[PDB]
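Throughout, a chain's letter reflects where its sequence line sits, starting with A, and its residues are numbered from 1.
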Amino acid sequence: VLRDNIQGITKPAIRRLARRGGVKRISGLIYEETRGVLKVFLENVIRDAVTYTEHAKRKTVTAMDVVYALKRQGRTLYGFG
Amino acid sequence: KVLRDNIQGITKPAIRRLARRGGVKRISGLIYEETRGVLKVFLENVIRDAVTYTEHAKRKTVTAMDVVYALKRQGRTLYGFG
Amino acid sequence: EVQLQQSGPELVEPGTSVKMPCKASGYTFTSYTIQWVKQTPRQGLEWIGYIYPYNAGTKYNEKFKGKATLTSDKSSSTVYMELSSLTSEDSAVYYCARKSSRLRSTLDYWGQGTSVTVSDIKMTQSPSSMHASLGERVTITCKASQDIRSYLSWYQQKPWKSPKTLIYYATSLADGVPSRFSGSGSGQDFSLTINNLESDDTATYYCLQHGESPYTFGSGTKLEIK
Amino acid sequence: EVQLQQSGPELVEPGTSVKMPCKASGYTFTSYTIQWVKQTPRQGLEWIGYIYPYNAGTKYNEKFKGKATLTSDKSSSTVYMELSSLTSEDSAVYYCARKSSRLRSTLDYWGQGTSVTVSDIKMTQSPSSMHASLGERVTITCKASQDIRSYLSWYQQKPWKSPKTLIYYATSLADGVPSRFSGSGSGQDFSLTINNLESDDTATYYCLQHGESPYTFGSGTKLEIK
Amino acid sequence: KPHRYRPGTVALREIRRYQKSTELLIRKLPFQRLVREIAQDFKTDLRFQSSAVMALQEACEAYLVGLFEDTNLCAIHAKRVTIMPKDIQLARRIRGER
Amino acid sequence: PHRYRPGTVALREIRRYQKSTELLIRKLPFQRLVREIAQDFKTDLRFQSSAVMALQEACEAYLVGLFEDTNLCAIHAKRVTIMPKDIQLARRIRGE
Amino acid sequence: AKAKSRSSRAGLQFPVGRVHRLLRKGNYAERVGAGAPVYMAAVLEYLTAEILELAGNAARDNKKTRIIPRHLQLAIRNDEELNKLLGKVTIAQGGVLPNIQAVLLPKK
Amino acid sequence: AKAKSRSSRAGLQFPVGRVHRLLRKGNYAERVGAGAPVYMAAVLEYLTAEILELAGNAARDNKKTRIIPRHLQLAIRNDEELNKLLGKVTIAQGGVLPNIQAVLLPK
Amino acid sequence: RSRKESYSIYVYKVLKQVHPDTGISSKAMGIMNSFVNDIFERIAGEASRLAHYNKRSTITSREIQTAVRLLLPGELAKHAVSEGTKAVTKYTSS
Amino acid sequence: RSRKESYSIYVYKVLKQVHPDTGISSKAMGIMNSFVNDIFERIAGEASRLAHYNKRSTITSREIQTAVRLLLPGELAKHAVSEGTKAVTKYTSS
DNA sequence: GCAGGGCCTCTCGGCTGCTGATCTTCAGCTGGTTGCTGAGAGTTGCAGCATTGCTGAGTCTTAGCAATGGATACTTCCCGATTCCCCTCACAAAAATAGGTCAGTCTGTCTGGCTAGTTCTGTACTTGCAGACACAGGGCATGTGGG
DNA sequence: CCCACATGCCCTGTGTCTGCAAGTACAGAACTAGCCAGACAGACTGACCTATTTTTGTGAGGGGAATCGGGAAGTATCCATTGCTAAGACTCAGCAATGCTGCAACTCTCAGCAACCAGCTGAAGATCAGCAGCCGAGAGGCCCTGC
């Protein structure tokens, strides 16, 4: 059982994401909000991925399942099939 | 017939009413030309697809169903006309 | 996963006001309403009202309007209830319970209850009290006043504990409830049947309708085992 | 529909700077690049550079960097070119023309011209000047220096008028050009053929390659009718 | 002294009035003329069903109302109550139209 | 000793990270978070080595695209510091 | 034998036979199972029943005995799950939800 | 007679036969015309040729002899029409376009 | 005419079953028809995509159930799955 | 162990014909395969929808051309229509 | 505006690795050819519906005015963000090893599509009638400008 | 803080009117009952590829101390929007004529399917040199401070 790994998305990582996003100054409350939105996005995608992997009567989640889960949410990903 | 300069038929009070239904309390004076441009862009984008459907069907009349498909393919599904 | 925390007992002076929290966790807080239920030994369970966190919409029992006021705080996922002008006829245990906006759904999860002490459709349960052995079959009836289109639920309340849902939609089993319990009926006649009994089946069984705006519970049925 | 308006003649003292507009209308301004062409009787048409209004990206000729600078005004749908340190060899007609970002597309619409007067791959057109009757067959060749993969266009320029596009991709007819004109060839050998002539077909015909970064025009071919 | 409502009162009155009704807020004949004028650039001598014109009007007014809601949100973010073309552009560009 | 004024190192980092393509979140923490989230839907699950990578690229792209809109909202509000209210406004306008 | 509709066999009010014909003639799969039209009819009937019941409740709250697009829009937009299902859907003559931002109201 | 590929007949590089098989086995219509696979193969080949040429130009500008996802992303994002076509598409290991807001730059 | 073949009578049956005294207008009828067609198309397309992903050639109630789970939010999916399972079981029992 | 059936050999031929000297990496190869598959599905689905709307049963080059016009923007659609028409005309002559 | 001292890249160069462009072989999908039939074109002729004109009653726009409020500038302060350094701790890379999963090949069945027949449900048309729109009026929250 | 008078929008009423609900022929699609043959399911089996492990060396992250510089709160002006009037004007809703177009409902050929065959295309799988990543030492760019 894994507990509280959302804190593994460190402050420097969020700072790097903001820098790639073109953000110059970052407030101190941005990190918790970013962790929350990342968790919401990940749950939304993983629910569909697991739905696909369990309809296929499989117990291993595949890159194709992840790609379909993303594609049905308007987030098409090129490079994994 | 040839129509000319009909974007000004969307009057200032009409845009005001749309803003009020949108919940807007105070409206700047330069909002109206921007709104007219936005509406013209949207109408052009929808009507191009509607006319494409109409001419594929080998017709001269644009139908509410063609408008509905044109809207639907842009992610703007409309209920009530088909 | 879904758990609805509440506060402890609160001794309160007459004539004052009290606010109790219903902090919620384990689910999307805005997609489910929070209903409030008061329980007195005098009149059993009573329905106060609910609040919808998604649009901050409320609806109160006609006898509870003004007495109760419901507010929501989306930031901490907490729902508060305020009782104003606390009269001596306010000493009870107040339960907050979750219920989806779907008309078929009912109160699935409840809070532990806060004991506050101050210093229509009438739904009839035929058996007031029943006795049975360790392996018999029992049946409880919840004859209704008006026609409710299968919008009826069954609850089991152990003593000094929150009610537990068993049947919703008058036939559908709840989540985690064993298949021994079986509901039936529609319209005005409903029935709850426990197939084989156990020593842990000793509790009071209530029936709730939510087909019309003021929800009304059943009178109750105290079941004794051996 | 598509119009590329420009300014009038500009008398300018040597050593100063001049900026001219290329106001565009009738199309999505940001989806097409705006290329600038200078034309002198000494060396014919020459390519300066272009600006892409979508991302304000520019590219200049090797010999025109510093002399010319391109800016865009997305709000007014206008593109400017600024010439600095105006030398005596700067008296010419400057044409601004539209070209899509597609590698196959060419300069389809041009401006009327701005007469400014101050007080690699070489494309060889074999026929410098030709004469023919009113119903004959003529053929112009545009022997290239290096291999261009069908990226060649043909233009017709009436006296004191902007060029008109006839052929693009070395074979495709332009918009509204009759089937009389027909281009052919690929690689290094290209050809323009006009089927049956008219009194209107009297003009100068140029061939332009856009297969590599510096676009180069042809020497020109003045066609005489009867 | 003639009665005069302070600025904003009639604005809120109209907001409440128009957020409660369902009618179309743009005039039918001007909108139809605009639609035909736009369509002239795609095919000549076209014909439109009355229901097609009404569908276009409903779609356009819904789009404009939603865009004005987003514009109001952006203006309030900018600590204002007056919506501006910059707020319209910000809303359209976050929505993915610019 | 040498000290850069506030903003110079930030702009250098913007230029540095807008030029590269590597993933900006550590792979092991992201994988642990993915498995912890997946535990809520199916017990004793299993992931391909490339499924986690696809999830990571999707998440990082989403976060960068959201931070761009957050910066736009902050600039609209006449600031240079991005705030949770700009994040919320960007998500609300996007429709999330 | 007397004809029994598949709708009556499954206890539904939506046409299992017509749904099966639409599934077959819509170019979805090479073949269609027997219970797929039944499942499809049941889900569609449940959805329209829920929407119609909420719309009728809204119409009764508006002191009206007839459902109109305004009541349909109110029912859909006042429920989070239905709003999420029909987020990118325009309902003709449905209007908008009454909603005014707090900062636009007079202070005192 | 000697076999002649439909790609050879149409002067294409993309497989007309495979496109026909995918149209038939994809449950799109009851029947598939003769020229539909040819048209689709031509359109697909044109699109991939355009993208590959732009990516190769970007790679040459970057002084590289290989096309990578970064070059594909640059080529797609630097073009208005390609960006409109691929607006909602994520390109793995493609990065982002270098762009800093004007107000963030120092005086 | 060509038998426009709407859902009006089925929607009216459902309406008279849930709200016996409530009527409906023609515009609301058309909106409900559009809603039913839209949801049918969504679920059918998702089921077809599932079958193609799994290299199946038939659409089954399992495909329909998975599509319902993927497209409907929260308790909507749960109640629709319950209704579909109940109807399928009743139909199988004949 | 079963014929993954990508577009790699065709995209490499196109690459060698447009830019004879530069290569391509495996990641860009997979991205190009994904692009080709995505565009194929988009065009095919739009053509299928057109045929369904017009009550037809066959997908023709007219359907493909209309789908291309609807899905590609600006000059992309024009050049793709030119290429498709040229290929069809060349194929008709065999 | 101008000069001088870090430290931070684009640029070379020369190595070393691993990843691409290549050749080999086979297995399976495409083309060629035949013969069949069902879909879509082509041409009639009908009924509908989009157009265009004309009238004229009324509601909605526009323009001009005057005067409140809100937006935008400025300044001052102080709060919360950056930089940097140090240290410690988690990641990554590695080689391994087992048990769990997935996938592939066969085989037997049950379930789906295909057919030709018959009837019953659904549509279309046409009906009377009453939910709801009208205009017309009492009677209540809060409005803006007193006092 | 509490009063207005004046207006708005809400509630209540009967007279009228269009739109919804109900009854019928009627035809087309659905159900029945065979029959058939194939797609998928149940139980093998090899065998990848995922996961839980131990080890190592180093890169990243975290917690701190200080200082700059940005965001927040307050002021005072001004310009720009709302509110209102009465005057023009363009929209609407009703009528009625015409030419147009979008169908329906019959023929027929010509295109596509189908189903058989061989043979050539394209996949998996070895092997390898060249490009791209690395290290390191070197140039000019820009930043920061001082003058």
Kindly indicate whether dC65(K) forms a Watson-Crick or G-U wobble pair with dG83(L), where both distances must fall under 3.5 Å. yes
Looking only at atom P, what distance separates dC135(L) and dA60(L), rounded to whole Å? 13 Å
By the 4.0 Å heavy-atom rule, please label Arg16(A) as base, sugar-phosphate, or nothing. sugar-phosphate
Could you check if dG15(L) and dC133(K) make a Watson-Crick or G-U wobble pair, where both distances must be under 3.5 Å? no
Establish, with yes or no, whether the OP1 or OP2 oxygen of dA81(K) is under 4.0 angstrom from a side-chain nitrogen or oxygen of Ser27(A). yes
Picking from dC143(L), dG61(L), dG31(K), the nucleotide nearest the side-chain atoms of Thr8(F) would be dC143(L)
Base, sugar-phosphate, or nothing for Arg26(F), non-hydrogen atoms under 4.0 angstrom? sugar-phosphate
Pairwise 5' ranking along DNA chain L for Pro106(H) and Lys57(A), keeping only the more 5' one: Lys57(A)
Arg25(A) side-chain proximity, nearest of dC92(L), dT81(L), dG80(K): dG80(K)
Name the nucleic acid region contacted by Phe30(F), choosing base, sugar-phosphate or nothing; use a 4.0 angstrom heavy-atom cut-off, strictly under. nothing
Phosphate-side-chain proximity, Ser5(H) and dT30(K), N/O vs OP1/OP2 below 4.0 Å: no
Within this structure, what is the CD1-to-P distance between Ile67(G) and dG131(K), rounded to whole angstrom? 15 Å
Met83(F) near the nucleic acid: base, sugar-phosphate alone, or nothing, with a heavy-atom cut-off under 4.0 Å? sugar-phosphate
Pick the closest DNA chain L nucleotide for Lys2(G) and for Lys85(F) by heavy atoms, then say which residue is nearer the 5' end. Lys2(G)
Cationic N near anionic O, under 4.0 Å, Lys25(H) to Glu30(G): no
When rounded to the nearest Å, what value does the distance between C1' atoms of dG61(L) and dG140(L) take? 34 Å
